[PDB]
Structures are given as structure tokens and as C-alpha cells.
Amino acid sequence: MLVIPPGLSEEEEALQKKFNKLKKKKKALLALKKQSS
Amino acid sequence: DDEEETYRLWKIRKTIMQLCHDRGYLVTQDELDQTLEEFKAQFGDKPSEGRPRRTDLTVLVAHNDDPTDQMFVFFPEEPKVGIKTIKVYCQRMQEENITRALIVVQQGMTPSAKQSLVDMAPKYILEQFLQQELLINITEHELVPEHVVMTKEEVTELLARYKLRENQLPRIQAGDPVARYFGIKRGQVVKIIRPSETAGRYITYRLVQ
Amino acid sequence: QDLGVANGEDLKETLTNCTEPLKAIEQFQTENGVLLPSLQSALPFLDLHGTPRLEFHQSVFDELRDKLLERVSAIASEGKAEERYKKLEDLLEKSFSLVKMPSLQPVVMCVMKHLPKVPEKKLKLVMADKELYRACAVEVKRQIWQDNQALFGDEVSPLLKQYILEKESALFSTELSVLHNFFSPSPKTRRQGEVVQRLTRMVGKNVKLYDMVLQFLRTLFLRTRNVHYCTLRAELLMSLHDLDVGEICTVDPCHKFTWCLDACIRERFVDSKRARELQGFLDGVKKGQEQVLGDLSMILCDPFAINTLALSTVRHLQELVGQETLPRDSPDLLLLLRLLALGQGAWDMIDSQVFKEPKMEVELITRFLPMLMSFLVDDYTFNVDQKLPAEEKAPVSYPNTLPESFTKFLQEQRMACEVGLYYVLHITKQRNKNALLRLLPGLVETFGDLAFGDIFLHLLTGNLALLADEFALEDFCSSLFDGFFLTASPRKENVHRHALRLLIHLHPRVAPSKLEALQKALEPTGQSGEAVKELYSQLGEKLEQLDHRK
């Protein structure tokens, strides 16, 4: 049986935080490009 | 129907492979002309909510030389494509570093998306094709002669030999189905070899306007 | 002068002796000639001919021999099996005494070729004679080999060594090409190689010989740690598949799995459906048949399978970044990692005879993969920032720091090292020099020096050919060569060869000062191999030609 841990590792949480920051930046840039298009 | 759908998808795949090969890309020989049964084995023989659905057969091809530029072809799920659907493809392209791409629409594109396609032409080029356009390779038709795209050096050689300008060549539409097949832009001389019953062979030239 | 046979020895005597008894000689021809009354009346015509009576009889004998060969083939093809086999056995019993006669040897060899089982005494007599053994068809040689494992091994070992040498030479090709690399040939093209075809012909439909070849491959894989034996196992099985050899394909438990994996290798990607089919094959291994898992891991240890699986893993990671999903939540990614784990643990599983699936480390999925996704994420944001209008351009510097945990994962975990190496290959193929420079220091120390393997170095040099314009920068060349290639070249000859190949390909674009420094740094020593010296001489010739082009 493949034992999957029941919690995000500290690294995984840091990477989720980085990814959320990237999503926010990407949305802001899409709004900027809509204003410039 | 389901057999009709897999036949139509296989014919579109064959026409796209031939289009990429005639455009000057890396098309594998067996992929260039595969059997319908081979396609059904490779993809699943059930386009109706099944294994050979769309977005599974997005064909990615590189150039025969300078293998960087690619036009990995797109097959939307929906019949009528829109801006919020092509922006996902724009996301996939900006994820990459390649600017050309082909989408194969089922029904007509919404005209706002038609304007949107032009709205990124200097950044990355997008061509669109209807299903009926890709059910027959029109270059195989006997009425269509051999169209060959000319390099810029050959254009300079032509204009210097005949001492004429690009304004004086007989021209061709940018929305020409053969021009769309080769995907030529404006200002790109195309040599056309056709048999003549009075001289044997005749090579004309069509600057794109 | 064998059974009912007149002079072969007294024939040599007849050619040596030479005195007189004409009537004795004539009586000898009459008794030992074509004993047909109808020919006696026709001979004076031949005497009336003038040409000596040797070419005519030779032509008749050759025509009769060819007709007999045609009839042996026809008997082998026509009729009930028992009757035709009995007729062939009677013919062999009557003709085997002439097996050493060159003019009638082909008939005996053909009869033996078409017999399902040649008598063991005649097989031993053939084995004792080197020329007779050489002249035998592969069908008779199979009946010999099936009961003599040592002789079959003697016949097969040169082919295996040749296969290994061919693969290694392909890894060291002079041309650096992304389009034409080690993984460019399709599996069907690869199975057309001389070694694979010859081994397939030797095995034929004999299951025992196929099992002997598999045992040889397992033993050589354990003894030499060369993965191309796994490649050869896969290619031999699929080559038997292409010939519709059901006697072997139906009993090999890896046939369907290898077929599906071959399709995946041909497409250079593993989709969800193919992944689920492979998973169904794996989960179908019953209790008590666990050695099949070792065989399947050997199939997955094939470098082509590893390449396909790792590229699919990298693509899936990119897709997960696009879909805003975590690696742990993707069953397809976990399945790909499981296949890769089996492939990497093939050697340990076979050596220890413990046929259990390797446990995938939790920290891989929960830490290492999302960090790779963060590297992709940084790449995307830097690319988007570079396209912003100049009025909004903050001075965004590309992140050049490599996390220590990433380097530790590359050093300590084999799977993380493999995935990271393929990610490096991927980013190099995308011409992302910033990410390549960021990740390069972590390749100096890797698990088992996997970053210095010939497959990875071949692919890496091929992809680095796409960054030819960047070799004009002294910092880029210093990073690449001094920090990666020259750190291991004095200790590893293959790294030296790969660096020399890269320099030979890209010398016109390297900065001249760095070019001279690299030429001095890559100078072969007295202990360097012949290939290194040859590559260095080629580099010198190219440099002389370039200087002459000024």
C-alpha cells in the first residue's frame, strides 16, 4: 500500500503560497493588458 | 453518429499533416498518411464522449530547419469558439516560447474573436480553419496548380531580373484558401507552376496583397 | 570408399599409379558408372562429341541435385505432417553418409533443415565437425542449441557485446542534434538493427532458447550494470511480436505491458488511458508470480522507457502548474512516478530477489515536485515581466539562488535526481539560459553521479547546441565548463569526451580567450584514452581551419 501522508509538508505550503502570489500577479497583469489593449 | 465522427477527425488529421508537410515542417512519414484503422487504434474509435475526443490530438510539429518555431495545432471542444476559449490557448502558448498556432473550429467563430485574432498578430500569429476547409486537401485538386512560397533572396532575384517592383506583380488575396493553406503573410511572392497546352510549363508569380 | 562406395582413396591411387590395365579401368567405369542400360547406347554420341566427358556429367549432376532440392522443399510443404516427416527421415537416413561430400551436402542440409527433430546421433556428428556445423541452417542449430547452453552462449555473447558497443557509440556521435539524438529512432526502426534481427532469427519459435537469452540478459545486467541489456530485452520481445511468434508472446508475462510501453515510447508521451492500462498490467500480477515484477522493472529500466516517463512527468508538472493543482492530487503523476520507481529499482529487485514495489518517498511528492513547480512559476513570471510596457518595468532580476533543499534532494534521492535532470534538459531545450544557470551548480554533486551519465550528457550537449549564441559570453562559458564539465572531466573520461564534442561543435561561437583556456584545460594527459586524444586532434584541426578562414 502506498502510504500518502495526511498533511502538506512545510515545503508544499511554501510552494502553495508562492503559487497564490503568482496567481495574484498574473490576474493583475491581465487587468493591465486589458487596460492597454 | 460515432463512426462518422472518427472518420471526420481522421480526415482532418490527415489534411493537417499534409498542410504541415506542404508548409515545410517535420511530419513523420507514417503520420503523413496513416490508415483510418491505425487512427482508431491509436485514439479510441469513440469521439462521442470517449477516448478520441478533442484536445487529445493537438498536433505539435517543428520546422524542418530552425526547429524552434512550432504551430502546435488546436482542436476546440465547443462548436462556436469565443474569446474566453482562445485565451486558454493563448495561455498555453505564452507558457511556451512559440508564436504560431492553428485552431480548427467546428462552427463559425464569433466575430469578436475574429477581431481578437488580429489583435495579437505582431505578438503571436493565430490561424483558424473550419471543418469543411480541412475535409479536403485542396492542393490535391486538379484545378489547383503547384504553389511554392519563395524566399526573400529569390524575390530579390526575380525583381532584379525582370526589373519590376512588387507593385507590378499580379497579386493574390490574403484570405485566399491556398494562401491560408500555406499561411503566407502580406508581401510574400508565391511562384506558381502550372502546365500550359501552348508552352508545356508556365511559372507565374503572385505577390500577396 | 565408404558404404558400397568405390575409390575415393584408390581414386587418388588411380591418379598416382599410371601403368597399363585398360580393361580393368573400363570395367571399373562400367561397374561404378551410371548403371543404366539406356545410357550405354547414348555414350558413343558423347564420344562423338569431342569435349571431354566431364562438363556434361557435372551439368546433369547439378541439375539432378537442384531438382532433388526442389522436391525436398515440396515434400516439406505438401501432405500430412507425419507422412512428410517420415519421408524426410528416410531420405536423411539414406543420404547422411554423404554429408561430407560437398556436391551432395546441400541436400542433406536441406533435409535436416525441414525436419522437426533431427536424430541425436546425426546432430552429435554435425556438432563434432566445425565445417558441418557452420554449414547448417539456423533451424538445425536451434535443435543443437536447446540442449547445449554453453554453445548457444558462445554464439550469442558476441552479438550482445556488439549491441552494447553500438548503443555506446550512438551515445558518442559526432553530430550534436536535438532533432537527431539517441531517442530519435522509432522503436520499429530500432528493432531492425542487425543484432536484434540476428537474435530473433536464432531464437525463432523456441521458447527454451528465448528463456536462455533472457537469463543471459539478466546475468549481464547484474554483472555489468548496463541498462542497454534491458533495452535489448524489450526490443527482442517486440521483434518476436512483429513476426507474429505466438509460441513466445503468449507465454511471456511482459508482452502486453511491453507492447503498451512501446506505443508510449513511439508517441514520446504517456496519456491517462495508457497510464491506466500499464497500471492494470502491474496490479494484475498475482500472488506467487512476483518475479514477473522484476521482469517488468527490467522492461521499465530501458532508457527509452525512462526518457518517455520522465518527459511525461515534467509535462504533467507543467500542466498542474497551469491547472493550479498540487502534485499529490494528480493520480496520473503518481502512476508515472511509480513506473519510474520500478524502473530505477529493477537492479536492486533482481539482485536481492525481493520482488516488491519500491516505496516512493513522501518528501518527493510533498516537497521536491512543488519546488520544481516553483521554478517553472518563477520562469513564467519573469517571462511575463519582461513583456511589460517600459513604464511599468520594475528592475526584476531573475532568481539566481538555488535552494539547499533542492540540492540535497538531487544528492540523496535517485528519483528526485532523475526528475531534476530531465527538467534541466527540458529548460535547456526551451533556451532558458537563466534557469539553466540557476540549476547548473546543483548538478556537480548528484545521486550516483547521474548528472555525469552518458545519456544525460548526450541530451544535454544536444540541447546546449540550441544556445550557441550564448557561448560568446565568458560568464556563460565559465559557468557551464568550469563549474560543471571541468569539475568532473579529470575524474571521468566520458565527461571529457562530451565536453570535447561540445567544444568541437561550438568553437566558432566561443569567445577566443575562453576557447584558448578550454583548449588548454581539455588537453589529454598520458593516461587519457584513445578517443579523447582523437577528439582533441579533431578540435585542433577545426581550430586551424577557423584561423585559416580569417
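Values quoted throughout were computed directly from the atomic coordinates according to the rules given, and no laboratory measurement underlies them. Neighbour counts are summed over all protein chains in view; Cβ atoms, including those assigned to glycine, are modelled from backbone coordinates with ideal geometry.
Quick notes on this structure:
- Rounded to whole Å, sorted largest first: equivalent-ellipsoid semi-axes of the protein assembly as shown, Cα gyration tensor: 62, 37, 30
- Calculated SAXS-style log₁₀ I(q)/I(0) at q = 0.14, 0.16 Å⁻¹ - the stretch B:70-197, Debye, Cα scatterers: -0.76, -0.93
- Directionally averaged projected area (convex hull, Cα atoms, the stretch C:55-136), nm²: 5.5
- The charge dipole of the protein assembly as shown, taken about its Cα centre with unit charges on the Cβ of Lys, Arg, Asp and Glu (plus for the first two, minus for the last two), comes to roughly 2480 debye.
- Share of alpha-carbon pairs per 10 Å distance bin for the stretch C:420-550, given as whole %: 12, 46, 34, 8, 0
- GluC sites (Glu not before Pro) lying in DSSP loop within the stretch B:92-185, provided at most 12 other Cβ fall within 10 Å: B:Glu142
- For B:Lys185, C:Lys429, order by how many other beta-carbon atoms lie within 10 Å, fewest first: B:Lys185, C:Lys429
- Among C:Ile75, C:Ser272, B:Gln132 the positive-end extreme of the charge dipole of the protein assembly as shown (Cβ point charges): B:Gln132
- Loop-located trypsin sites (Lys or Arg not before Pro) in the stretch B:1-57 (DSSP state other than H, G, I, E, B) with a sparse environment of at most 16 neighbouring Cβ atoms within 10 Å: B:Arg54.
- Among B:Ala160, B:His147, B:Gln188 the positive-end extreme of the charge dipole of the stretch B:137-209 (Cβ point charges): B:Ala160
- Isolated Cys in chain C, by beta carbon distance under 4.7 Å: C:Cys18, C:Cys110, C:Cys136, C:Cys249, C:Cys254, C:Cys260, C:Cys264, C:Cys417, C:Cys477
- Filtered GluC sites (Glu not before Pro), the stretch C:54-97: DSSP coil and at most 15 other beta carbons within 10 Å: C:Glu78
- The protein assembly as shown: calculated mean residue ellipticity at 222 nm from DSSP helix runs of at least 4, using -39500 (n - 2.57): -18000 deg cm²/dmol
- Extension gain, C:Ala521 back to C:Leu69 (0.36 nm per residue minus Cα-Cα distance, nm): 156.0 nm
- As a proxy for reagent exposure, ranking C:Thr461, C:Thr325 by other Cβ atoms within 10 Å from fewest up yields C:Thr325, C:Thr461.
- Take the Cα of C:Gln353, go 7 Å toward its beta carbon, and the backbone nitrogen atoms of the stretch C:270-300 under 13 Å from that spot belong to C:291.
- A simple count of charges around C:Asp252, restricted to other residues whose Cβ falls under 15 Å of its Cβ and scoring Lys, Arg +1 and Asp, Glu -1, yields -2.
- Rounded to 5, percent antiparallel among DSSP beta bridges of the protein assembly as shown: 65
- For C:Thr487, C:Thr258, B:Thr6, the sequence from fewest to most other C-beta atoms within 10 Å is C:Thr487, B:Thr6, C:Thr258.
- Cross-link partners of B:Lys123 among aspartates and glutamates, defined as those whose alpha carbon lies under 20 angstrom from its own and excluding same-chain residues fewer than eight positions apart: B:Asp66, B:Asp69, B:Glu95, B:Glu96, C:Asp379, C:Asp385, C:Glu391, C:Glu392.
- Three-way shape label, the stretch B:137-209, alpha-carbon gyration tensor, a/c 1.5: oblate
- Förster-model FRET efficiency, 56 Å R0, C:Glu391 and C:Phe269, C-beta, rounded to 0.05: 0.85
- For the stretch B:1-136, the equivalent ellipsoid derived from the Cα gyration tensor has semi-axes of 24, 20, 12 Å, listed largest first.
- Look at the stretch A:13-22: the mean tally of other chain Cβ atoms within 10 Å of its residues' Cβ atoms is 5.
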